[PDB]
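> One file is attached below, data35.txt, containing compact mmCIF, N, CA and C atoms and all ligand atoms.
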```txt
# COMPACT_ATOMS: atom_id res chain seq x y z
N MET M 1 1.93 13.55 15.48
CA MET M 1 0.75 14.35 15.73
C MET M 1 0.78 15.56 14.85
N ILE M 2 1.83 16.35 15.03
CA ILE M 2 2.10 17.52 14.21
C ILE M 2 3.58 17.45 13.87
N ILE M 3 3.98 18.16 12.82
CA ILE M 3 5.35 18.04 12.30
C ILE M 3 6.33 18.58 13.33
N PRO M 4 7.46 17.94 13.58
CA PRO M 4 8.41 18.48 14.55
C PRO M 4 9.10 19.70 13.98
N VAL M 5 9.41 20.64 14.88
CA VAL M 5 10.03 21.89 14.47
C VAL M 5 11.41 21.63 13.90
N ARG M 6 12.13 20.70 14.49
CA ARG M 6 13.46 20.34 14.05
C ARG M 6 13.51 18.86 13.72
N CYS M 7 14.35 18.52 12.76
CA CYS M 7 14.71 17.13 12.53
C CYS M 7 15.44 16.60 13.74
N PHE M 8 15.19 15.33 14.06
CA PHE M 8 15.67 14.74 15.29
C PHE M 8 17.18 14.56 15.26
N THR M 9 17.69 13.97 14.20
CA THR M 9 19.11 13.70 14.05
C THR M 9 20.00 14.94 14.00
N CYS M 10 19.89 15.75 12.95
CA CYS M 10 20.53 17.06 12.88
C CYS M 10 19.46 18.12 13.00
N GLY M 11 19.79 19.24 13.61
CA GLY M 11 18.72 20.12 14.04
C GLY M 11 18.08 21.04 13.02
N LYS M 12 17.98 20.61 11.77
CA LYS M 12 17.44 21.45 10.71
C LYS M 12 15.97 21.73 10.92
N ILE M 13 15.57 23.00 10.76
CA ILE M 13 14.16 23.37 10.80
C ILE M 13 13.47 22.73 9.61
N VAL M 14 12.74 21.66 9.89
CA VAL M 14 11.86 21.00 8.94
C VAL M 14 10.42 21.29 9.27
N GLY M 15 10.16 21.98 10.37
CA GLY M 15 8.83 22.31 10.81
C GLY M 15 8.12 23.36 10.01
N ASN M 16 8.77 23.97 9.03
CA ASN M 16 8.14 24.91 8.11
C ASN M 16 7.91 24.31 6.74
N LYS M 17 8.12 23.01 6.59
CA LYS M 17 8.06 22.34 5.31
C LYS M 17 6.90 21.36 5.24
N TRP M 18 5.83 21.60 5.99
CA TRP M 18 4.71 20.68 5.87
C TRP M 18 3.62 21.19 4.94
N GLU M 19 3.33 22.49 4.96
CA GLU M 19 2.31 23.00 4.05
C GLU M 19 2.85 23.15 2.64
N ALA M 20 4.11 23.55 2.51
CA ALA M 20 4.76 23.66 1.22
C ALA M 20 5.33 22.34 0.73
N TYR M 21 4.88 21.23 1.30
CA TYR M 21 5.11 19.88 0.81
C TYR M 21 3.82 19.21 0.38
N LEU M 22 2.75 19.44 1.14
CA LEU M 22 1.41 19.13 0.66
C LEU M 22 1.08 19.92 -0.59
N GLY M 23 1.53 21.17 -0.67
CA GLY M 23 1.32 21.97 -1.87
C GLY M 23 2.11 21.49 -3.07
N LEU M 24 3.23 20.82 -2.86
CA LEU M 24 3.96 20.24 -3.98
C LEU M 24 3.41 18.88 -4.37
N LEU M 25 2.88 18.12 -3.42
CA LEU M 25 2.30 16.84 -3.81
C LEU M 25 0.90 16.99 -4.38
N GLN M 26 0.19 18.06 -4.03
CA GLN M 26 -1.08 18.36 -4.69
C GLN M 26 -0.87 18.89 -6.10
N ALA M 27 0.29 19.46 -6.38
CA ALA M 27 0.64 19.98 -7.70
C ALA M 27 1.50 19.00 -8.49
N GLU M 28 1.35 17.71 -8.22
CA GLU M 28 1.83 16.60 -9.06
C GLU M 28 3.35 16.56 -9.19
N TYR M 29 4.04 16.57 -8.05
CA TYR M 29 5.42 16.14 -7.98
C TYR M 29 5.48 14.73 -7.42
N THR M 30 6.55 14.03 -7.74
CA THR M 30 6.83 12.80 -7.02
C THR M 30 7.53 13.15 -5.71
N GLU M 31 7.44 12.23 -4.74
CA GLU M 31 8.02 12.49 -3.43
C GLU M 31 9.54 12.47 -3.47
N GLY M 32 10.14 11.85 -4.48
CA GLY M 32 11.56 11.96 -4.70
C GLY M 32 11.99 13.25 -5.33
N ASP M 33 11.05 14.12 -5.68
CA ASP M 33 11.36 15.45 -6.16
C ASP M 33 10.70 16.55 -5.36
N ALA M 34 9.81 16.22 -4.43
CA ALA M 34 9.23 17.22 -3.56
C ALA M 34 10.02 17.39 -2.28
N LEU M 35 11.05 16.57 -2.08
CA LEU M 35 11.94 16.68 -0.94
C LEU M 35 13.28 17.28 -1.30
N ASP M 36 13.78 17.01 -2.50
CA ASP M 36 14.99 17.67 -2.98
C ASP M 36 14.72 19.14 -3.27
N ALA M 37 13.54 19.45 -3.79
CA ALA M 37 13.15 20.82 -4.12
C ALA M 37 12.60 21.59 -2.93
N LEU M 38 12.64 21.02 -1.74
CA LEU M 38 12.51 21.79 -0.51
C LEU M 38 13.84 21.96 0.21
N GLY M 39 14.92 21.40 -0.33
CA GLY M 39 16.20 21.52 0.32
C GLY M 39 16.41 20.57 1.47
N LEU M 40 15.95 19.33 1.34
CA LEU M 40 16.19 18.28 2.32
C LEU M 40 17.05 17.24 1.63
N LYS M 41 18.36 17.29 1.86
CA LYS M 41 19.30 16.47 1.11
C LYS M 41 19.78 15.26 1.87
N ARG M 42 19.85 15.32 3.19
CA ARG M 42 20.26 14.18 3.98
C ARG M 42 19.07 13.29 4.26
N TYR M 43 19.31 11.98 4.35
CA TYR M 43 18.18 11.08 4.54
C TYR M 43 17.70 11.01 5.97
N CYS M 44 18.17 11.86 6.87
CA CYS M 44 17.49 12.00 8.14
C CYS M 44 16.48 13.12 8.10
N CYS M 45 16.74 14.14 7.27
CA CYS M 45 15.81 15.23 7.06
C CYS M 45 14.65 14.81 6.17
N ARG M 46 14.94 14.03 5.12
CA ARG M 46 13.89 13.54 4.23
C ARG M 46 12.95 12.61 4.97
N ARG M 47 13.50 11.83 5.89
CA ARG M 47 12.78 10.85 6.69
C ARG M 47 11.66 11.50 7.50
N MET M 48 11.90 12.70 8.01
CA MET M 48 10.96 13.37 8.89
C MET M 48 9.72 13.83 8.16
N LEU M 49 9.84 14.06 6.86
CA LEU M 49 8.80 14.68 6.08
C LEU M 49 8.18 13.71 5.10
N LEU M 50 8.87 12.61 4.81
CA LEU M 50 8.35 11.56 3.95
C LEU M 50 7.44 10.61 4.71
N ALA M 51 7.82 10.27 5.94
CA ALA M 51 7.15 9.26 6.73
C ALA M 51 6.35 9.87 7.85
N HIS M 52 5.66 10.96 7.59
CA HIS M 52 4.99 11.71 8.64
C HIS M 52 3.49 11.57 8.49
N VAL M 53 2.86 11.07 9.53
CA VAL M 53 1.42 10.92 9.59
C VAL M 53 0.87 12.08 10.40
N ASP M 54 0.27 13.06 9.72
CA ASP M 54 -0.08 14.32 10.37
C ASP M 54 -1.42 14.09 11.03
N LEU M 55 -1.37 13.60 12.25
CA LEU M 55 -2.53 13.02 12.88
C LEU M 55 -3.29 14.03 13.71
N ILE M 56 -3.23 15.30 13.32
CA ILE M 56 -4.04 16.35 13.94
C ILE M 56 -5.18 16.81 13.04
N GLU M 57 -5.14 16.51 11.73
CA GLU M 57 -6.35 16.70 10.94
C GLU M 57 -7.40 15.64 11.22
N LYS M 58 -7.00 14.52 11.80
CA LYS M 58 -7.94 13.53 12.29
C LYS M 58 -8.33 13.74 13.74
N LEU M 59 -7.64 14.59 14.47
CA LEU M 59 -7.90 14.68 15.89
C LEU M 59 -8.71 15.92 16.23
N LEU M 60 -8.74 16.90 15.33
CA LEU M 60 -9.55 18.09 15.48
C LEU M 60 -10.99 17.91 15.04
N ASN M 61 -11.37 16.73 14.52
CA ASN M 61 -12.77 16.48 14.20
C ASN M 61 -13.61 16.35 15.45
N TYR M 62 -13.00 16.01 16.57
CA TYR M 62 -13.69 15.80 17.83
C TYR M 62 -13.68 17.09 18.64
N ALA M 63 -14.09 18.19 18.03
CA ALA M 63 -13.91 19.49 18.63
C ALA M 63 -15.22 20.06 19.15
N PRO M 64 -15.20 20.74 20.30
CA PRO M 64 -16.34 21.50 20.79
C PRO M 64 -16.71 22.67 19.86
N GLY W 103 -58.78 -60.21 -3.08
CA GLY W 103 -58.27 -59.40 -2.00
C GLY W 103 -57.40 -60.17 -1.03
N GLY W 104 -56.83 -61.29 -1.45
CA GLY W 104 -56.04 -62.13 -0.57
C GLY W 104 -54.61 -61.66 -0.41
N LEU W 105 -54.04 -61.11 -1.49
CA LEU W 105 -52.69 -60.55 -1.55
C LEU W 105 -51.63 -61.59 -1.18
N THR W 106 -51.53 -62.60 -2.03
CA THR W 106 -50.56 -63.67 -1.81
C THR W 106 -49.14 -63.18 -2.09
N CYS W 107 -48.17 -63.98 -1.67
CA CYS W 107 -46.76 -63.64 -1.79
C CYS W 107 -46.20 -64.11 -3.14
N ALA W 108 -45.07 -63.53 -3.51
CA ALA W 108 -44.41 -63.82 -4.78
C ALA W 108 -42.96 -64.21 -4.54
N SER W 109 -42.23 -64.44 -5.62
CA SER W 109 -40.88 -64.99 -5.55
C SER W 109 -39.87 -63.89 -5.23
N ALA W 110 -38.59 -64.23 -5.30
CA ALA W 110 -37.51 -63.33 -4.90
C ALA W 110 -37.06 -62.49 -6.09
N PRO W 111 -36.93 -61.18 -5.92
CA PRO W 111 -36.50 -60.33 -7.04
C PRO W 111 -35.03 -60.54 -7.37
N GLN W 112 -34.74 -60.59 -8.66
CA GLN W 112 -33.38 -60.93 -9.09
C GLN W 112 -32.43 -59.76 -8.90
N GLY W 113 -32.75 -58.61 -9.49
CA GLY W 113 -31.89 -57.45 -9.39
C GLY W 113 -32.67 -56.20 -9.03
N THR W 114 -31.94 -55.20 -8.55
CA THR W 114 -32.51 -53.95 -8.05
C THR W 114 -31.86 -52.79 -8.79
N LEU W 115 -32.57 -52.22 -9.77
CA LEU W 115 -32.05 -51.07 -10.48
C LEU W 115 -32.11 -49.83 -9.61
N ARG W 116 -31.00 -49.13 -9.52
CA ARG W 116 -30.90 -47.90 -8.75
C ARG W 116 -30.83 -46.73 -9.73
N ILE W 117 -31.84 -45.88 -9.72
CA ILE W 117 -31.87 -44.68 -10.55
C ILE W 117 -31.37 -43.51 -9.72
N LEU W 118 -30.40 -42.77 -10.27
CA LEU W 118 -29.79 -41.65 -9.58
C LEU W 118 -29.31 -40.64 -10.62
N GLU W 119 -29.28 -39.36 -10.23
CA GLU W 119 -28.81 -38.32 -11.14
C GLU W 119 -27.34 -38.50 -11.49
N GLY W 120 -27.00 -38.13 -12.72
CA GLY W 120 -25.71 -38.42 -13.28
C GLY W 120 -24.61 -37.57 -12.69
N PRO W 121 -23.36 -37.94 -12.95
CA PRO W 121 -22.24 -37.15 -12.45
C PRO W 121 -22.15 -35.82 -13.17
N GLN W 122 -21.64 -34.82 -12.45
CA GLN W 122 -21.58 -33.47 -12.98
C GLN W 122 -20.48 -33.35 -14.02
N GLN W 123 -20.82 -33.65 -15.27
CA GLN W 123 -19.86 -33.56 -16.37
C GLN W 123 -19.80 -32.13 -16.89
N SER W 124 -18.65 -31.80 -17.50
CA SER W 124 -18.31 -30.47 -18.03
C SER W 124 -18.38 -29.37 -16.98
N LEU W 125 -18.17 -29.72 -15.71
CA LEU W 125 -18.08 -28.72 -14.65
C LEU W 125 -16.66 -28.22 -14.48
N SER W 126 -15.70 -29.14 -14.41
CA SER W 126 -14.29 -28.80 -14.30
C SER W 126 -13.69 -28.68 -15.70
N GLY W 127 -12.91 -27.63 -15.92
CA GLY W 127 -12.20 -27.49 -17.17
C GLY W 127 -10.97 -28.38 -17.23
N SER W 128 -10.62 -28.78 -18.45
CA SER W 128 -9.52 -29.72 -18.66
C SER W 128 -8.14 -29.11 -18.38
N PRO W 129 -7.86 -27.83 -18.64
CA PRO W 129 -6.75 -27.19 -17.94
C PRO W 129 -7.18 -26.61 -16.60
N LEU W 130 -6.19 -26.41 -15.74
CA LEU W 130 -6.42 -25.85 -14.41
C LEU W 130 -6.23 -24.34 -14.45
N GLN W 131 -6.87 -23.66 -13.50
CA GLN W 131 -6.83 -22.20 -13.43
C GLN W 131 -6.21 -21.78 -12.10
N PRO W 132 -4.90 -21.55 -12.07
CA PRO W 132 -4.26 -21.12 -10.83
C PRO W 132 -4.26 -19.62 -10.66
N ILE W 133 -4.14 -19.20 -9.40
CA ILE W 133 -3.83 -17.80 -9.11
C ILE W 133 -2.46 -17.48 -9.69
N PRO W 134 -2.32 -16.41 -10.47
CA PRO W 134 -1.03 -16.10 -11.08
C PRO W 134 -0.01 -15.70 -10.03
N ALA W 135 1.25 -15.93 -10.38
CA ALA W 135 2.35 -15.64 -9.48
C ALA W 135 2.47 -14.14 -9.26
N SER W 136 2.56 -13.75 -7.99
CA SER W 136 2.85 -12.36 -7.65
C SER W 136 4.23 -12.01 -8.20
N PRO W 137 4.38 -10.85 -8.85
CA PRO W 137 5.61 -10.60 -9.61
C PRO W 137 6.77 -10.35 -8.71
N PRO W 138 8.00 -10.64 -9.14
CA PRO W 138 9.17 -10.26 -8.38
C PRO W 138 9.32 -8.73 -8.40
N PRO W 139 9.89 -8.15 -7.35
CA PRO W 139 9.97 -6.68 -7.32
C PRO W 139 10.96 -6.12 -8.33
N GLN W 140 10.55 -5.05 -8.99
CA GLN W 140 11.37 -4.35 -9.97
C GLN W 140 12.14 -3.22 -9.32
N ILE W 141 13.35 -2.98 -9.81
CA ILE W 141 14.05 -1.72 -9.61
C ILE W 141 13.24 -0.67 -10.36
N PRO W 142 12.76 0.38 -9.69
CA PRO W 142 11.89 1.34 -10.37
C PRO W 142 12.67 2.18 -11.37
N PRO W 143 12.04 2.57 -12.48
CA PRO W 143 12.73 3.41 -13.46
C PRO W 143 12.82 4.85 -12.97
N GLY W 144 13.90 5.51 -13.35
CA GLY W 144 14.15 6.85 -12.87
C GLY W 144 14.70 6.88 -11.46
N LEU W 145 15.82 6.20 -11.25
CA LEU W 145 16.58 6.27 -10.01
C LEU W 145 17.94 6.90 -10.29
N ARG W 146 18.26 7.95 -9.56
CA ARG W 146 19.47 8.72 -9.80
C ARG W 146 20.01 9.18 -8.46
N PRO W 147 21.31 9.48 -8.38
CA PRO W 147 21.85 10.05 -7.14
C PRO W 147 21.35 11.46 -6.86
N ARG W 148 20.49 11.60 -5.86
CA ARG W 148 20.00 12.91 -5.44
C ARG W 148 20.87 13.56 -4.38
N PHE W 149 21.76 12.81 -3.74
CA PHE W 149 22.65 13.34 -2.71
C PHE W 149 23.99 13.68 -3.35
N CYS W 150 24.33 14.96 -3.34
CA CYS W 150 25.67 15.39 -3.70
C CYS W 150 26.49 15.57 -2.43
N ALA W 151 27.77 15.21 -2.50
CA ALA W 151 28.66 15.37 -1.36
C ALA W 151 28.88 16.85 -1.11
N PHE W 152 28.84 17.25 0.16
CA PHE W 152 28.87 18.67 0.48
C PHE W 152 30.24 19.27 0.21
N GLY W 153 30.24 20.53 -0.20
CA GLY W 153 31.46 21.26 -0.45
C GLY W 153 32.31 20.71 -1.57
ZN ZN K 1 18.20 15.91 9.62
```
Now that the file is in, can you turn its structure into structure tokens?
Ligand SMILES: [Zn+2]

Amino acid sequence: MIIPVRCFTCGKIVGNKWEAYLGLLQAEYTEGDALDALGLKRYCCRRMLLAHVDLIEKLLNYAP
Amino acid sequence: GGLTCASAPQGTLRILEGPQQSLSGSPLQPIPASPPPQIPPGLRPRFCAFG
């Protein structure tokens, strides 16, 4: 729905890396370089931000 | 106006439209094979061992 504040496996704050990851993919990085350059080195931390469907930009369209 | 009968007809010609020639090509046209997966270029170790 929204990015988790912590990675599930190890408790790294990955919840501050969603806007500054969209900003790197909009500025033409590959995803194999937009995750190393945010400091996500373990593949449990990369997993949280690579495979994330941010399903609240689709859910706020139904707003009063 | 009597309309008398006649003899037996020998043969019966059947007129029909011809077979569809030059419709199929002499070689066949298959769907091309989906390619085998490639190892992508630019793969390197991004994980360094800590400390
Ligand atoms: Zn982690």
> Would you give me, as a list in words, the residues in chain M that DSSP reads as helix (DSSP H, G or I)?
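Answer for chain M, restricted to helix (DSSP H, G or I): residues 19, 20, 21, 22, 23, 24, 25, 26, 36, 37, 38, 45, 46, 47, 48, 49 and 50 of chain M.
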> Save out the residues we just selected, N, CA and C atoms, as a PDB file, keeping the file's coordinate frame.

```
ATOM      1  N   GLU M  19       3.330  22.490   4.960  1.00  0.00           N
ATOM      2  CA  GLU M  19       2.310  23.000   4.050  1.00  0.00           C
ATOM      3  C   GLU M  19       2.850  23.150   2.640  1.00  0.00           C
ATOM      4  N   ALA M  20       4.110  23.550   2.510  1.00  0.00           N
ATOM      5  CA  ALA M  20       4.760  23.660   1.220  1.00  0.00           C
ATOM      6  C   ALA M  20       5.330  22.340   0.730  1.00  0.00           C
ATOM      7  N   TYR M  21       4.880  21.230   1.300  1.00  0.00           N
ATOM      8  CA  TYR M  21       5.110  19.880   0.810  1.00  0.00           C
ATOM      9  C   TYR M  21       3.820  19.210   0.380  1.00  0.00           C
ATOM     10  N   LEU M  22       2.750  19.440   1.140  1.00  0.00           N
ATOM     11  CA  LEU M  22       1.410  19.130   0.660  1.00  0.00           C
ATOM     12  C   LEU M  22       1.080  19.920  -0.590  1.00  0.00           C
ATOM     13  N   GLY M  23       1.530  21.170  -0.670  1.00  0.00           N
ATOM     14  CA  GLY M  23       1.320  21.970  -1.870  1.00  0.00           C
ATOM     15  C   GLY M  23       2.110  21.490  -3.070  1.00  0.00           C
ATOM     16  N   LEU M  24       3.230  20.820  -2.860  1.00  0.00           N
ATOM     17  CA  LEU M  24       3.960  20.240  -3.980  1.00  0.00           C
ATOM     18  C   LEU M  24       3.410  18.880  -4.370  1.00  0.00           C
ATOM     19  N   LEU M  25       2.880  18.120  -3.420  1.00  0.00           N
ATOM     20  CA  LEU M  25       2.300  16.840  -3.810  1.00  0.00           C
ATOM     21  C   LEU M  25       0.900  16.990  -4.380  1.00  0.00           C
ATOM     22  N   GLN M  26       0.190  18.060  -4.030  1.00  0.00           N
ATOM     23  CA  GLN M  26      -1.080  18.360  -4.690  1.00  0.00           C
ATOM     24  C   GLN M  26      -0.870  18.890  -6.100  1.00  0.00           C
ATOM     25  N   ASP M  36      13.780  17.010  -2.500  1.00  0.00           N
ATOM     26  CA  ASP M  36      14.990  17.670  -2.980  1.00  0.00           C
ATOM     27  C   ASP M  36      14.720  19.140  -3.270  1.00  0.00           C
ATOM     28  N   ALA M  37      13.540  19.450  -3.790  1.00  0.00           N
ATOM     29  CA  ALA M  37      13.150  20.820  -4.120  1.00  0.00           C
ATOM     30  C   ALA M  37      12.600  21.590  -2.930  1.00  0.00           C
ATOM     31  N   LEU M  38      12.640  21.020  -1.740  1.00  0.00           N
ATOM     32  CA  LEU M  38      12.510  21.790  -0.510  1.00  0.00           C
ATOM     33  C   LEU M  38      13.840  21.960   0.210  1.00  0.00           C
ATOM     34  N   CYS M  45      16.740  14.140   7.270  1.00  0.00           N
ATOM     35  CA  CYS M  45      15.810  15.230   7.060  1.00  0.00           C
ATOM     36  C   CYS M  45      14.650  14.810   6.170  1.00  0.00           C
ATOM     37  N   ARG M  46      14.940  14.030   5.120  1.00  0.00           N
ATOM     38  CA  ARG M  46      13.890  13.540   4.230  1.00  0.00           C
ATOM     39  C   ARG M  46      12.950  12.610   4.970  1.00  0.00           C
ATOM     40  N   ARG M  47      13.500  11.830   5.890  1.00  0.00           N
ATOM     41  CA  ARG M  47      12.780  10.850   6.690  1.00  0.00           C
ATOM     42  C   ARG M  47      11.660  11.500   7.500  1.00  0.00           C
ATOM     43  N   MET M  48      11.900  12.700   8.010  1.00  0.00           N
ATOM     44  CA  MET M  48      10.960  13.370   8.890  1.00  0.00           C
ATOM     45  C   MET M  48       9.720  13.830   8.160  1.00  0.00           C
ATOM     46  N   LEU M  49       9.840  14.060   6.860  1.00  0.00           N
ATOM     47  CA  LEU M  49       8.800  14.680   6.080  1.00  0.00           C
ATOM     48  C   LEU M  49       8.180  13.710   5.100  1.00  0.00           C
ATOM     49  N   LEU M  50       8.870  12.610   4.810  1.00  0.00           N
ATOM     50  CA  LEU M  50       8.350  11.560   3.950  1.00  0.00           C
ATOM     51  C   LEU M  50       7.440  10.610   4.710  1.00  0.00           C
TER      52      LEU M  50
END
```
> Residues within 6 Å of ligand ZN 1 (chain K) should be enumerated using only C-alpha atoms and all ligand atoms and returned as a PyMOL selection string.
chain M and resi 7+9-10+12+44-45
> Select from chain M every residue with an atom at most 9 Å from any atom of chain W, then for each give the shortest pair of atoms and their distance in Å to one decimal, using only C-alpha atoms, rows by chain and rising number, as a tab-separated table.

```
residue	atom	partner	partner_atom	distance
M:32	CA	W:148	CA	8.5
M:36	CA	W:148	CA	7.3
M:41	CA	W:149	CA	6.0
M:42	CA	W:149	CA	7.2
M:43	CA	W:149	CA	8.8
```
> How many Å separate atom N of residue M:8 from atom N of residue M:38?
17.0 Å
> Interatomic distance between atom N of residue M:39 and atom C of residue W:147?
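Rounded to one decimal, the two atoms are 13.5 Å apart.
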> Would you mind reading off the distance between atom C of residue M:35 and atom C of residue M:48, one decimal, in Å?
10.7 Å
